[PDB]
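Visitor: Please find my_file.txt (compact mmCIF, N, CA, C and O atoms) on the next line:
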```txt
# COMPACT_ATOMS: atom_id res chain seq x y z
N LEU A 397 -58.88 132.93 280.28
CA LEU A 397 -59.88 132.97 281.33
C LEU A 397 -60.36 134.42 281.51
O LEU A 397 -59.71 135.35 281.03
N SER A 398 -61.48 134.56 282.21
CA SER A 398 -62.00 135.87 282.52
C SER A 398 -60.93 136.71 283.23
O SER A 398 -60.22 136.21 284.10
N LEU A 399 -60.84 137.96 282.81
CA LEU A 399 -59.89 138.89 283.42
C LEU A 399 -60.54 140.26 283.55
O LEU A 399 -60.73 140.96 282.56
N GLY A 400 -60.87 140.61 284.79
CA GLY A 400 -61.30 141.97 285.09
C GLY A 400 -60.21 142.73 285.85
O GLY A 400 -59.17 142.15 286.20
N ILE A 401 -60.47 144.00 286.10
CA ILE A 401 -59.54 144.83 286.84
C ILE A 401 -60.22 145.33 288.12
O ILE A 401 -61.43 145.19 288.28
N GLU A 402 -59.41 145.91 288.99
CA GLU A 402 -59.92 146.51 290.21
C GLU A 402 -60.52 147.88 289.91
O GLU A 402 -59.80 148.83 289.63
N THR A 403 -61.84 147.94 289.99
CA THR A 403 -62.55 149.20 289.79
C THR A 403 -62.99 149.78 291.13
O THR A 403 -62.79 149.17 292.18
N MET A 404 -63.58 150.97 291.06
CA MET A 404 -63.87 151.73 292.26
C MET A 404 -64.56 150.86 293.31
O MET A 404 -65.57 150.22 293.02
N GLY A 405 -64.00 150.88 294.51
CA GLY A 405 -64.66 150.26 295.65
C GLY A 405 -64.06 148.88 295.94
O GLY A 405 -64.73 148.02 296.51
N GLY A 406 -62.81 148.71 295.54
CA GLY A 406 -62.07 147.52 295.89
C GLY A 406 -62.74 146.27 295.32
O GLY A 406 -62.74 145.21 295.95
N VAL A 407 -63.30 146.42 294.13
CA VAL A 407 -64.14 145.39 293.56
C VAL A 407 -63.72 145.13 292.11
O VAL A 407 -63.40 146.07 291.38
N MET A 408 -63.73 143.86 291.74
CA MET A 408 -63.42 143.48 290.37
C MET A 408 -64.60 143.76 289.44
O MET A 408 -65.76 143.60 289.83
N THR A 409 -64.28 144.17 288.22
CA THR A 409 -65.26 144.20 287.15
C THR A 409 -64.67 143.61 285.87
O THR A 409 -63.69 144.13 285.34
N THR A 410 -65.31 142.55 285.40
CA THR A 410 -64.99 142.00 284.09
C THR A 410 -65.51 142.93 282.99
O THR A 410 -66.57 142.68 282.42
N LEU A 411 -64.74 143.98 282.73
CA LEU A 411 -65.17 145.00 281.79
C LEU A 411 -64.83 144.56 280.37
O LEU A 411 -65.27 145.18 279.40
N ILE A 412 -64.05 143.49 280.28
CA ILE A 412 -63.69 142.92 279.00
C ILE A 412 -63.32 141.45 279.18
O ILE A 412 -62.71 141.08 280.18
N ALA A 413 -63.72 140.65 278.20
CA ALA A 413 -63.70 139.20 278.37
C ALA A 413 -62.71 138.60 277.37
O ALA A 413 -62.26 139.27 276.45
N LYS A 414 -62.38 137.33 277.61
CA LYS A 414 -61.45 136.63 276.75
C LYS A 414 -61.92 136.72 275.30
O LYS A 414 -61.12 136.99 274.40
N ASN A 415 -63.21 136.51 275.11
CA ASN A 415 -63.77 136.40 273.78
C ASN A 415 -64.66 137.61 273.50
O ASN A 415 -65.81 137.46 273.09
N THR A 416 -64.10 138.79 273.75
CA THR A 416 -64.75 140.03 273.35
C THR A 416 -64.58 140.25 271.84
O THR A 416 -63.99 141.24 271.42
N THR A 417 -65.12 139.31 271.08
CA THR A 417 -65.07 139.41 269.63
C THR A 417 -63.71 139.94 269.18
O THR A 417 -63.63 140.99 268.52
N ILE A 418 -62.67 139.21 269.54
CA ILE A 418 -61.31 139.71 269.40
C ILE A 418 -60.97 139.83 267.91
O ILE A 418 -61.64 139.24 267.07
N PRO A 419 -59.90 140.62 267.63
CA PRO A 419 -59.44 141.63 268.58
C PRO A 419 -60.38 142.84 268.58
O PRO A 419 -61.18 143.01 267.66
N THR A 420 -60.24 143.65 269.61
CA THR A 420 -61.12 144.79 269.79
C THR A 420 -60.48 145.82 270.73
O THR A 420 -59.42 145.57 271.30
N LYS A 421 -61.16 146.95 270.87
CA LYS A 421 -60.56 148.11 271.51
C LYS A 421 -61.65 148.94 272.18
O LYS A 421 -62.31 149.75 271.53
N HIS A 422 -61.82 148.71 273.48
CA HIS A 422 -62.86 149.37 274.23
C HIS A 422 -62.26 150.53 275.03
O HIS A 422 -61.15 150.43 275.54
N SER A 423 -63.03 151.62 275.10
CA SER A 423 -62.51 152.86 275.64
C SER A 423 -63.61 153.62 276.37
O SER A 423 -64.07 154.66 275.91
N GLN A 424 -64.02 153.06 277.50
CA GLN A 424 -65.13 153.62 278.25
C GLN A 424 -65.30 152.87 279.58
O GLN A 424 -64.62 151.88 279.83
N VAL A 425 -66.22 153.38 280.39
CA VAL A 425 -66.30 152.96 281.78
C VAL A 425 -64.90 152.61 282.29
O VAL A 425 -64.67 151.51 282.78
N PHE A 426 -64.00 153.58 282.16
CA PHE A 426 -62.67 153.44 282.72
C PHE A 426 -62.14 154.79 283.21
O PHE A 426 -61.79 155.66 282.41
N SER A 427 -62.11 154.93 284.53
CA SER A 427 -61.76 156.20 285.14
C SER A 427 -60.94 155.97 286.41
O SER A 427 -61.05 154.92 287.04
N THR A 428 -60.12 156.96 286.74
CA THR A 428 -59.28 156.87 287.92
C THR A 428 -60.10 157.20 289.18
O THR A 428 -60.82 158.19 289.21
N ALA A 429 -59.95 156.34 290.18
CA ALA A 429 -60.88 156.32 291.29
C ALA A 429 -60.18 156.85 292.55
O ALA A 429 -60.82 157.12 293.56
N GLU A 430 -58.86 156.97 292.44
CA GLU A 430 -58.02 157.06 293.62
C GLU A 430 -57.95 158.50 294.12
O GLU A 430 -57.06 159.25 293.73
N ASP A 431 -58.91 158.85 294.97
CA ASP A 431 -58.98 160.20 295.50
C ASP A 431 -57.78 160.44 296.42
O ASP A 431 -57.30 161.57 296.53
N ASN A 432 -57.34 159.37 297.06
CA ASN A 432 -56.41 159.49 298.17
C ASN A 432 -54.97 159.39 297.64
O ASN A 432 -54.02 159.46 298.41
N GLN A 433 -54.87 159.23 296.33
CA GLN A 433 -53.57 159.24 295.68
C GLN A 433 -53.45 160.46 294.76
O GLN A 433 -54.32 161.33 294.76
N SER A 434 -52.37 160.48 293.99
CA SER A 434 -52.33 161.27 292.77
C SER A 434 -51.82 160.42 291.61
O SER A 434 -51.00 160.87 290.81
N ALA A 435 -52.34 159.19 291.55
CA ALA A 435 -51.83 158.22 290.59
C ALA A 435 -52.94 157.21 290.28
O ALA A 435 -53.95 157.15 290.98
N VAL A 436 -52.70 156.43 289.23
CA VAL A 436 -53.61 155.35 288.89
C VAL A 436 -52.93 154.01 289.17
O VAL A 436 -51.72 153.86 288.98
N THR A 437 -53.73 153.06 289.63
CA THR A 437 -53.21 151.76 290.01
C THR A 437 -54.15 150.65 289.54
O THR A 437 -55.11 150.30 290.23
N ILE A 438 -53.85 150.12 288.36
CA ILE A 438 -54.56 148.96 287.85
C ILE A 438 -54.01 147.70 288.51
O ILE A 438 -52.79 147.51 288.59
N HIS A 439 -54.92 146.86 288.98
CA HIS A 439 -54.57 145.50 289.35
C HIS A 439 -55.31 144.51 288.45
O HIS A 439 -56.50 144.67 288.18
N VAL A 440 -54.56 143.51 287.99
CA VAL A 440 -55.06 142.62 286.96
C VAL A 440 -55.50 141.30 287.59
O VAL A 440 -54.68 140.58 288.17
N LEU A 441 -56.78 141.01 287.47
CA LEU A 441 -57.42 140.01 288.31
C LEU A 441 -57.95 138.88 287.43
O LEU A 441 -58.99 139.02 286.79
N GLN A 442 -57.22 137.77 287.44
CA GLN A 442 -57.72 136.54 286.85
C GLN A 442 -58.71 135.86 287.79
O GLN A 442 -58.49 135.82 289.00
N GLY A 443 -59.77 135.33 287.21
CA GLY A 443 -60.79 134.64 287.98
C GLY A 443 -62.12 135.39 287.93
O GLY A 443 -62.15 136.60 287.67
N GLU A 444 -63.19 134.65 288.18
CA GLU A 444 -64.52 135.25 288.26
C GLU A 444 -64.96 135.38 289.72
O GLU A 444 -65.26 134.37 290.36
N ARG A 445 -64.98 136.61 290.19
CA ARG A 445 -65.21 136.87 291.60
C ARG A 445 -65.40 138.37 291.85
O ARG A 445 -64.67 139.19 291.29
N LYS A 446 -66.39 138.68 292.68
CA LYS A 446 -66.83 140.05 292.83
C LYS A 446 -65.69 140.88 293.43
O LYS A 446 -65.21 141.83 292.81
N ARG A 447 -65.29 140.50 294.64
CA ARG A 447 -64.24 141.21 295.34
C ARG A 447 -62.91 141.04 294.62
O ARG A 447 -62.59 139.95 294.14
N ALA A 448 -62.15 142.13 294.57
CA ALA A 448 -60.88 142.12 293.86
C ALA A 448 -59.84 141.37 294.70
O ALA A 448 -58.92 140.77 294.16
N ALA A 449 -60.03 141.44 296.01
CA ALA A 449 -59.05 140.88 296.93
C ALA A 449 -59.26 139.37 297.04
O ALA A 449 -58.45 138.66 297.64
N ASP A 450 -60.35 138.91 296.44
CA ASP A 450 -60.72 137.51 296.53
C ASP A 450 -60.53 136.85 295.17
O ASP A 450 -61.03 135.75 294.93
N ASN A 451 -59.79 137.54 294.31
CA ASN A 451 -59.64 137.10 292.93
C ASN A 451 -58.16 137.14 292.55
O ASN A 451 -57.39 137.92 293.11
N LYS A 452 -57.80 136.29 291.61
CA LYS A 452 -56.41 135.88 291.45
C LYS A 452 -55.65 136.96 290.69
O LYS A 452 -55.65 136.97 289.46
N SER A 453 -55.01 137.84 291.44
CA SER A 453 -54.11 138.82 290.86
C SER A 453 -52.79 138.15 290.47
O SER A 453 -52.35 137.21 291.14
N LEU A 454 -52.20 138.65 289.40
CA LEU A 454 -50.88 138.19 288.99
C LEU A 454 -50.13 139.35 288.32
O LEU A 454 -49.11 139.14 287.68
N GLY A 455 -50.67 140.54 288.51
CA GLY A 455 -50.35 141.65 287.62
C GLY A 455 -50.83 142.98 288.22
O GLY A 455 -51.89 143.05 288.83
N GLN A 456 -50.01 144.01 288.01
CA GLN A 456 -50.42 145.36 288.34
C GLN A 456 -49.46 146.37 287.70
O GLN A 456 -48.31 146.06 287.43
N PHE A 457 -49.99 147.57 287.48
CA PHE A 457 -49.19 148.64 286.91
C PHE A 457 -49.74 150.01 287.31
O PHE A 457 -50.94 150.17 287.50
N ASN A 458 -48.83 150.97 287.42
CA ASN A 458 -49.16 152.24 288.03
C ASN A 458 -48.65 153.38 287.14
O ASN A 458 -47.75 153.18 286.33
N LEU A 459 -49.26 154.54 287.32
CA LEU A 459 -48.81 155.73 286.61
C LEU A 459 -49.21 156.98 287.42
O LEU A 459 -50.36 157.11 287.83
N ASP A 460 -48.23 157.85 287.62
CA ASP A 460 -48.38 158.93 288.58
C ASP A 460 -48.61 160.24 287.83
O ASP A 460 -48.16 160.41 286.70
N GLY A 461 -49.33 161.14 288.49
CA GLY A 461 -49.68 162.41 287.89
C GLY A 461 -51.14 162.42 287.44
O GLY A 461 -51.45 162.84 286.33
N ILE A 462 -52.00 161.96 288.34
CA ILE A 462 -53.38 161.69 287.97
C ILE A 462 -54.30 162.06 289.14
O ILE A 462 -53.88 162.01 290.30
N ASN A 463 -55.52 162.43 288.80
CA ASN A 463 -56.52 162.73 289.81
C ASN A 463 -57.92 162.53 289.22
O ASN A 463 -58.11 162.66 288.01
N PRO A 464 -58.89 162.21 290.12
CA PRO A 464 -60.29 162.26 289.75
C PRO A 464 -60.79 163.70 289.67
O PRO A 464 -61.47 164.08 288.72
N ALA A 465 -60.44 164.47 290.69
CA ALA A 465 -60.73 165.90 290.69
C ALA A 465 -59.70 166.62 289.82
O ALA A 465 -58.56 166.18 289.69
N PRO A 466 -60.15 167.76 289.23
CA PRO A 466 -59.29 168.55 288.36
C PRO A 466 -58.26 169.33 289.17
O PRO A 466 -58.24 170.56 289.13
N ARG A 467 -57.43 168.59 289.90
CA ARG A 467 -56.45 169.21 290.77
C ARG A 467 -55.41 169.96 289.94
O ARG A 467 -54.95 171.04 290.34
N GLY A 468 -55.06 169.38 288.80
CA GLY A 468 -54.21 170.06 287.84
C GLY A 468 -54.83 170.02 286.44
O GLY A 468 -54.12 170.02 285.44
N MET A 469 -56.16 169.97 286.41
CA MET A 469 -56.88 169.90 285.15
C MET A 469 -56.23 168.89 284.20
O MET A 469 -55.75 169.26 283.13
N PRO A 470 -56.24 167.60 284.64
CA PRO A 470 -55.56 166.55 283.89
C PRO A 470 -56.36 166.17 282.64
O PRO A 470 -57.42 166.74 282.38
N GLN A 471 -55.83 165.21 281.91
CA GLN A 471 -56.54 164.66 280.77
C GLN A 471 -56.15 163.19 280.56
O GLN A 471 -55.08 162.90 280.01
N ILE A 472 -57.03 162.31 281.00
CA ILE A 472 -56.67 160.91 281.18
C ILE A 472 -57.78 160.03 280.60
O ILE A 472 -58.95 160.21 280.93
N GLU A 473 -57.37 159.09 279.76
CA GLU A 473 -58.25 158.01 279.36
C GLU A 473 -57.52 156.67 279.40
O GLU A 473 -56.40 156.55 278.89
N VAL A 474 -58.17 155.70 280.03
CA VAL A 474 -57.57 154.38 280.17
C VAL A 474 -58.34 153.38 279.31
O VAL A 474 -59.57 153.35 279.33
N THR A 475 -57.58 152.59 278.56
CA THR A 475 -58.15 151.82 277.47
C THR A 475 -58.13 150.33 277.81
O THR A 475 -57.21 149.85 278.47
N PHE A 476 -59.16 149.63 277.34
CA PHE A 476 -59.12 148.18 277.30
C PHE A 476 -58.90 147.67 275.88
O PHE A 476 -59.85 147.52 275.11
N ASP A 477 -57.64 147.42 275.56
CA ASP A 477 -57.28 146.88 274.26
C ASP A 477 -57.07 145.37 274.39
O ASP A 477 -56.22 144.92 275.16
N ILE A 478 -57.84 144.62 273.61
CA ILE A 478 -57.72 143.18 273.60
C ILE A 478 -57.01 142.74 272.32
O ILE A 478 -57.40 143.14 271.22
N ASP A 479 -55.98 141.92 272.49
CA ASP A 479 -55.16 141.49 271.37
C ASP A 479 -55.78 140.24 270.74
O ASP A 479 -56.76 139.71 271.25
N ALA A 480 -55.17 139.82 269.64
CA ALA A 480 -55.72 138.72 268.86
C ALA A 480 -55.75 137.45 269.73
O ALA A 480 -56.71 136.69 269.67
N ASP A 481 -54.69 137.28 270.50
CA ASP A 481 -54.56 136.09 271.33
C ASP A 481 -55.52 136.20 272.52
O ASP A 481 -55.83 135.21 273.17
N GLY A 482 -55.97 137.43 272.77
CA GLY A 482 -56.82 137.69 273.92
C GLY A 482 -55.99 138.21 275.10
O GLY A 482 -56.41 138.08 276.25
N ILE A 483 -54.84 138.77 274.77
CA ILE A 483 -54.05 139.49 275.76
C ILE A 483 -54.73 140.83 276.08
O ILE A 483 -55.10 141.56 275.17
N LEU A 484 -54.86 141.10 277.37
CA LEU A 484 -55.32 142.40 277.81
C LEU A 484 -54.14 143.39 277.80
O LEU A 484 -53.27 143.33 278.66
N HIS A 485 -54.17 144.27 276.80
CA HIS A 485 -53.23 145.38 276.77
C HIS A 485 -53.87 146.60 277.43
O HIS A 485 -54.55 147.38 276.77
N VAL A 486 -53.63 146.73 278.73
CA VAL A 486 -54.30 147.75 279.51
C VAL A 486 -53.39 148.98 279.64
O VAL A 486 -52.24 148.86 280.05
N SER A 487 -53.94 150.13 279.28
CA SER A 487 -53.12 151.27 278.91
C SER A 487 -53.72 152.55 279.50
O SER A 487 -54.90 152.84 279.30
N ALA A 488 -52.88 153.29 280.20
CA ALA A 488 -53.26 154.61 280.67
C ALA A 488 -52.40 155.66 279.97
O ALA A 488 -51.18 155.51 279.88
N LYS A 489 -53.06 156.70 279.48
CA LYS A 489 -52.39 157.73 278.71
C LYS A 489 -52.84 159.11 279.20
O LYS A 489 -54.01 159.46 279.07
N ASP A 490 -51.89 159.85 279.76
CA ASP A 490 -52.15 161.22 280.16
C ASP A 490 -51.70 162.17 279.05
O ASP A 490 -50.50 162.33 278.81
N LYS A 491 -52.68 162.78 278.41
CA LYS A 491 -52.41 163.69 277.31
C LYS A 491 -51.94 165.04 277.87
O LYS A 491 -51.23 165.79 277.20
N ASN A 492 -52.36 165.31 279.10
CA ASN A 492 -52.01 166.56 279.75
C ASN A 492 -50.55 166.50 280.22
O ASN A 492 -49.78 167.42 279.96
N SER A 493 -50.23 165.41 280.90
CA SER A 493 -48.90 165.26 281.48
C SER A 493 -47.92 164.76 280.42
O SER A 493 -46.72 164.99 280.53
N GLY A 494 -48.47 164.09 279.42
CA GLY A 494 -47.66 163.57 278.33
C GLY A 494 -47.11 162.18 278.66
O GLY A 494 -46.26 161.66 277.95
N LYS A 495 -47.63 161.62 279.74
CA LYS A 495 -47.26 160.27 280.13
C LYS A 495 -48.05 159.27 279.29
O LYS A 495 -49.23 159.48 279.01
N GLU A 496 -47.37 158.19 278.91
CA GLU A 496 -48.05 156.94 278.62
C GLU A 496 -47.38 155.78 279.36
O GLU A 496 -46.15 155.74 279.46
N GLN A 497 -48.20 154.88 279.87
CA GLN A 497 -47.71 153.65 280.44
C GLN A 497 -48.78 152.56 280.37
O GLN A 497 -49.94 152.80 280.68
N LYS A 498 -48.34 151.38 279.95
CA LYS A 498 -49.27 150.36 279.50
C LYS A 498 -48.69 148.97 279.78
O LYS A 498 -47.47 148.82 279.86
N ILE A 499 -49.58 148.00 279.93
CA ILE A 499 -49.20 146.72 280.51
C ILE A 499 -49.94 145.60 279.77
O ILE A 499 -51.14 145.70 279.52
N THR A 500 -49.20 144.56 279.44
CA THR A 500 -49.75 143.46 278.67
C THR A 500 -49.83 142.20 279.54
O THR A 500 -48.84 141.78 280.13
N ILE A 501 -51.03 141.63 279.57
CA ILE A 501 -51.26 140.43 280.36
C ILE A 501 -52.11 139.44 279.55
O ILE A 501 -53.19 139.79 279.09
N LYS A 502 -51.58 138.24 279.41
CA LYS A 502 -52.32 137.16 278.78
C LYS A 502 -53.64 136.95 279.53
O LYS A 502 -53.77 137.35 280.68
N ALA A 503 -54.59 136.33 278.83
CA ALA A 503 -55.80 135.86 279.48
C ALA A 503 -56.09 134.43 279.02
O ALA A 503 -57.16 134.15 278.48
N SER A 504 -55.11 133.56 279.24
CA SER A 504 -55.22 132.18 278.79
C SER A 504 -54.30 131.29 279.63
O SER A 504 -53.35 131.77 280.24
N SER A 505 -54.62 130.00 279.62
CA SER A 505 -53.86 129.04 280.41
C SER A 505 -53.75 129.52 281.86
O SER A 505 -52.74 130.10 282.25
N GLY A 506 -54.81 129.26 282.61
CA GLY A 506 -54.85 129.66 284.01
C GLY A 506 -56.09 129.10 284.71
O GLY A 506 -56.96 128.51 284.06
N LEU A 507 -56.14 129.31 286.02
CA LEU A 507 -57.22 128.76 286.82
C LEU A 507 -57.35 129.57 288.11
O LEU A 507 -56.38 130.09 288.59
```
Could you show the structure in this file as C-alpha cells?

Guide:
Amino acid sequence: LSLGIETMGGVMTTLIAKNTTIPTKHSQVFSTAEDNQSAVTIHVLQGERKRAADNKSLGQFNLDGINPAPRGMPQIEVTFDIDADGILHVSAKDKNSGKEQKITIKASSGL
C-alpha cells in the first residue's frame, strides 16, 4: 500500500510509492525539519491521507546529532530506498557525525 513519511509541517508526503518502478533508490526532497530538536524523527505512515496524524503509523525511527541550521556544520542525507518486494528501507546517514541508522518497513498486506 501507499507509504509516505512525516514531512515538514506535521504532514504526510507519499514521496515514494509501492510501485516506484522497483527496485529503486531515490535521494532528494528529504531534509531534516526539526528546528526544535537536534535529531531526525521519521514516522512511517501507511495509508493515503494528507495529515500525518490522520494516517496509519506503524513505524518510526530516530537519529540524534542533526540540525537544519549549521549548528555544528553537519552533513546529512536521508534516502528513500525501495526494495524488490517494495519494502521502504528508509535511511539517515550523517557523514559528519559518522552515524548511520536505517529502518525497514514493508509496504504490502495492509489497510

Visitor: At a cut-off of 8 Å from (-63.8, 136.1, 289.2) in the coordinates of the file, what residues are picked up using all atoms listed in the file, written as JSON, numbers by chain?

Guide: {"A": [398, 399, 400, 408, 410, 441, 442, 443, 444, 445, 446, 447, 450, 451, 452]}

Visitor: Determine the nearest neighbour of residue A:475 from the options A:488, A:454, A:462, A:503, counting all atoms listed in the file.

Guide: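 Answer, going by the shortest atom-to-atom distance: A:488.
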
Visitor: Counting only N, CA, C and O atoms, which residue out of A:490, A:481, A:460, A:402 sits closest to residue A:504?

Guide: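 The answer is A:481, which sits nearest to residue A:504.
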
Visitor: Quick one: residues within 8 Å of residue A:468, all atoms listed in the file counted, chain neighbours fewer than 6 positions away excluded, as a PyMOL selection string?

Guide: chain A and resi 461-462+492-493

Visitor: Grab the residues selected above and save them as an mmCIF file, in the frame of the given file with N, CA, C and O atoms.

Guide:
```cif
data_model
loop_
_atom_site.group_PDB
_atom_site.id
_atom_site.type_symbol
_atom_site.label_atom_id
_atom_site.label_comp_id
_atom_site.auth_asym_id
_atom_site.auth_seq_id
_atom_site.Cartn_x
_atom_site.Cartn_y
_atom_site.Cartn_z
ATOM 1 N N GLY A 461 -49.330 161.140 288.490
ATOM 2 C CA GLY A 461 -49.680 162.410 287.890
ATOM 3 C C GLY A 461 -51.140 162.420 287.440
ATOM 4 O O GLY A 461 -51.450 162.840 286.330
ATOM 5 N N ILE A 462 -52.000 161.960 288.340
ATOM 6 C CA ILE A 462 -53.380 161.690 287.970
ATOM 7 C C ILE A 462 -54.300 162.060 289.140
ATOM 8 O O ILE A 462 -53.880 162.010 290.300
ATOM 9 N N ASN A 492 -52.360 165.310 279.100
ATOM 10 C CA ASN A 492 -52.010 166.560 279.750
ATOM 11 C C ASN A 492 -50.550 166.500 280.220
ATOM 12 O O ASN A 492 -49.780 167.420 279.960
ATOM 13 N N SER A 493 -50.230 165.410 280.900
ATOM 14 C CA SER A 493 -48.900 165.260 281.480
ATOM 15 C C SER A 493 -47.920 164.760 280.420
ATOM 16 O O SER A 493 -46.720 164.990 280.530
#
```

Visitor: Here is a test: counting all atoms listed in the file, which residue of A:455, A:505, A:473, A:439 is nearest to residue A:409?

Guide: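 Selected residue with least distance to residue A:409: A:439.
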
Visitor: So, with all atoms listed in the file as the atoms that count, which of A:448, A:434, A:404, A:421 lies closest to residue A:477?

Guide: A:421

Visitor: Name the residues in contact with residue A:433 at a cut-off of 7 Å, using only N, CA, C and O atoms, excluding same-chain residues fewer than 3 positions from it; report them as a list in words.

Guide: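 Within the cut-off, the hits are residues 429, 430, 436, 462, 463 and 464 of chain A.
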
Visitor: Go ahead and compute the interatomic distance for atom CA of residue A:407 and atom C of residue A:422, in Å to one decimal.

Guide: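 One can read the atom CA of residue A:407 to atom C of residue A:422 distance as 19.3 Å.
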
Visitor: What gap, in Å, lies between atom O of residue A:412 and atom CA of residue A:502?

Guide: 11.2 Å

Visitor: Looking at A:499, A:456, A:489, A:482, which one is nearest to residue A:413, with distances taken over only C-alpha atoms?

Guide: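 Smallest distance to residue A:413 is found for A:482.
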
Visitor: Enter the distance from atom N of residue A:467 to atom O of residue A:405, in Å, rounded to one decimal.

Guide: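 About the pair atom N of residue A:467 and atom O of residue A:405: they are 22.8 Å apart.
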
Visitor: Considering only C-alpha atoms, can you say which of A:453, A:420, A:497, A:415 comes closest to residue A:435?

Guide: A:497

Visitor: Using DSSP on the backbone coordinates, identify the residues of chain A assigned to strand (DSSP E or B); present them as a ChimeraX atom specification.

Guide: /A:399-403,407-409,420-422,435-442,447,452-460,472-478,484-490,496-501
